[PDB]
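K.L.:
What follows is a single structure, and I will ask about it in a moment.
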Amino acid sequence: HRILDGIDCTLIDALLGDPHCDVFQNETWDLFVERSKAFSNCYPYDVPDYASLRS
Amino acid sequence: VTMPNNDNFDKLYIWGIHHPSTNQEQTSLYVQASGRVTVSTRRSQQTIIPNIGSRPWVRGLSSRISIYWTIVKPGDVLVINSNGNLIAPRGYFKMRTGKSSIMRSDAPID
Amino acid sequence: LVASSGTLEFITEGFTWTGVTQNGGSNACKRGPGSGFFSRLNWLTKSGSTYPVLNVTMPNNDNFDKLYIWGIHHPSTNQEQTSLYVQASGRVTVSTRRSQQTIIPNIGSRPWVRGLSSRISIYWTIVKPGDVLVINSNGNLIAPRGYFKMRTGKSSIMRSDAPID
Ligand SMILES: *[C@@H]1O[C@H](CO)[C@@H](O[C@@H]2O[C@H](CO)[C@@H](O[C@@H]3O[C@H](CO)[C@@H](O)[C@H](O)[C@@H]3O)[C@H](O)[C@H]2NC(C)=O)[C@H](O)[C@H]1NC(C)=O
Ligand SMILES: *[C@@H]1O[C@H](CO)[C@@H](O[C@@H]2O[C@H](CO)[C@@H](O[C@@H]3O[C@H](CO)[C@@H](O)[C@H](O)[C@@H]3O)[C@H](O)[C@H]2NC(C)=O)[C@H](O)[C@H]1NC(C)=O
Ligand SMILES: *[C@@H]1O[C@H](CO)[C@@H](O[C@@H]2O[C@H](CO)[C@@H](O)[C@H](O)[C@H]2NC(C)=O)[C@H](O)[C@H]1NC(C)=O
């Protein structure tokens, strides 16, 4: 399978385009591995039905 | 503004709305008293209204962004209307469909 | 989630409701002789002639999950709205570092229920350890008197009319 290691990015952040996540622009994965070491670091946001927008 | 989906695949748009902490900040940024954001395709619709209020201080700010997505199918056309508070998109994502998923883990690759 | 908590343990906290009359009760909610209100709610009204932006906070430091139960008031009539909370239309906004909600009252008639055709929409926010609450409103908050403890339990509600033995 093709694994993309998110490191200190959540997939949602990656998408939204948080500075320290722009490493990931345009990337493609079979399985996206969200690490517990991960954070966010840009305007503070909420996404109602975050749940689903990740999925 | 408006932006056809004339390809033959589904476009995804992530957009959002700003909720400020005070009316001083509102009038400063978006000149109106109360804003509003309505993003809509032909078939569906969502209007989100901001909420001028003070939240936990976080990396400086006690203001906030809320995030919304619209999917626009082929033919279907997207339309964004607002009189303030808008966090607009720059475009879309390709929506594929397939066996791709997301796992939460802390163990190393090899 | 309460049923499963398996506890109604309530630790009262002093908030700072500045510039507002607290403790509004009603004839609907009679507490023995005269008027009253939900024991774990605090009805904030205008103070003499004013109702200001309220903006309290309540950090949680203990090693457990706090549950907070707070409301909002939906008046029957534009005059009832102003008579209490003084503004055109209220707003309540309850937040943790992560979450956020904003209700807005809706001025209007409901059916008569125990003398009244106003209402209270209840809601809940949970603050994890080391987070913070931040209640904030220009009008209409049915404010929390503190918090309930939350255990993770094997417990549940069940509805029966069987007698116990
Ligand atoms: C409404 O009330 C809340 C709290 O009651 C206010 O939030 C507080 O705002 C100040 C900013 O002026 C924050 O001060 C900062 O503290 C951190 C802590 O280490 C420090 O790094 C900064 O140098 C700064 O001094 C404070 O954290 C913040 N507290 C919370 C819980 O958000 C809010 O500003 C009030 N707004 C109004 C209009 O009254
Ligand atoms: C909008 O219309 C509704 C219903 O058409 C109004 O509600 C009605 O208001 C009257 C006046 O308070 C209520 O009369 C009361 O009936 C009770 C119950 O039996 C009686 O014991 C009392 O002495 C009193 O006369 C009536 O119950 C109530 N009916 C219903 C179904 O809610 C409402 O007040 C109207 N709103 C406005 C702004 O006019
Ligand atoms: C509910 O439980 C608490 C804690 O077991 C009871 O005792 C105290 O509660 C009050 C809050 O009203 C505070 O003095 C303390 O936080 C508690 N003390 C300690 C040492 O934890 C109390 O019986 C109950 N509270 C009410 C309002 O009935």
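Ligands are numbered from 1 in the order shown, residues from 1 within each chain, and chains are lettered A, B, ... in the order they appear in the structure tokens.
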Where in chain B does DSSP assign strand (DSSP E or B), given as a PyMOL selection string?
P.N.:
chain B and resi 2-4+11-19+37-40+45-48+58+61+64-72+77-82+86-87+93-94+101-104
K.L.:
DSSP says helix (DSSP H, G or I) for which residues of chain B? Put them as a list in words?
P.N.:
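The helix (DSSP H, G or I) residues within chain B come out as residues 23, 24, 25, 26, 27, 28 and 29 of chain B.
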K.L.:
Where does chain C meet chain A within 9 Å, residue by residue, with the nearest atom pair and distance in Å to one decimal for each, counting only C-alpha atoms, listed by chain and rising number, as a Markdown table?
P.N.:
| residue | atom | partner | partner_atom | distance |
| --- | --- | --- | --- | --- |
| C:97 | CA | A:44 | CA | 8.8 |
| C:98 | CA | A:46 | CA | 7.2 |
| C:99 | CA | A:46 | CA | 7.0 |
| C:100 | CA | A:46 | CA | 7.8 |
K.L.:
For the residues in the current selection, export C-alpha atoms as a compact mmCIF listing (two decimals), in the first residue's frame.
P.N.:
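The result, stored in result34.txt:
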# COMPACT_ATOMS: atom_id res chain seq x y z
CA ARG C 97 -9.93 26.28 23.27
CA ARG C 98 -11.17 23.65 20.74
CA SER C 99 -15.11 23.85 20.64
CA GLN C 100 -17.51 26.81 20.20
K.L.:
At a cut-off of 6 Å, using only C-alpha atoms, what residues contact stretch 104-109 of chain B? Leave out same-chain residues fewer than 5 positions from it and give the result as an MDAnalysis selection string.
P.N.:
chainID A and resid 33:35
K.L.:
Looking at C:35, C:95, C:27, C:109, which one is nearest to chain B, with distances taken over only C-alpha atoms?
P.N.:
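The answer is C:95, which sits nearest to chain B.
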K.L.:
Give me, as CSV, the closest atom pair and its distance (Å, one decimal) for every residue of chain C within a cut-off of 12 Å of ligand 2, counting only C-alpha atoms and all ligand atoms, rows sorted by chain and rising number.
P.N.:
residue,atom,partner,partner_atom_place_in_ligand_line,distance
C:75,CA,ligand 2,38 (C),10.6
C:76,CA,ligand 2,38 (C),6.9
C:77,CA,ligand 2,38 (C),6.4
C:78,CA,ligand 2,38 (C),9.5
C:79,CA,ligand 2,38 (C),10.4
C:80,CA,ligand 2,38 (C),10.6
C:107,CA,ligand 2,38 (C),10.4
C:108,CA,ligand 2,38 (C),7.6
C:109,CA,ligand 2,36 (N),5.6
C:110,CA,ligand 2,32 (O),6.7
C:111,CA,ligand 2,32 (O),3.8
C:112,CA,ligand 2,32 (O),4.0
C:113,CA,ligand 2,32 (O),7.7
C:114,CA,ligand 2,18 (C),8.5
C:115,CA,ligand 2,17 (C),7.4
C:116,CA,ligand 2,12 (O),8.0
C:117,CA,ligand 2,32 (O),6.9
C:118,CA,ligand 2,34 (O),10.2
K.L.:
Which residues of chain C have any atom within 10 Å of an atom in ligand 3 when counting only C-alpha atoms and all ligand atoms, and what is the closest pair of atoms for each, with the distance in Å to one decimal? Order the rows by chain and rising number and write it as a tab-separated table.
P.N.:
residue	atom	partner	partner_atom_place_in_ligand_line	distance
C:8	CA	ligand 3	1 (C)	8.1
C:9	CA	ligand 3	1 (C)	4.9
C:10	CA	ligand 3	1 (C)	4.7
C:11	CA	ligand 3	11 (C)	4.2
C:12	CA	ligand 3	11 (C)	4.4
C:13	CA	ligand 3	11 (C)	7.2
C:14	CA	ligand 3	11 (C)	9.9
C:39	CA	ligand 3	27 (C)	9.2
C:40	CA	ligand 3	27 (C)	8.8
C:145	CA	ligand 3	12 (O)	9.6
C:146	CA	ligand 3	11 (C)	8.6
C:147	CA	ligand 3	11 (C)	9.5
C:148	CA	ligand 3	1 (C)	8.9
C:149	CA	ligand 3	2 (O)	9.0
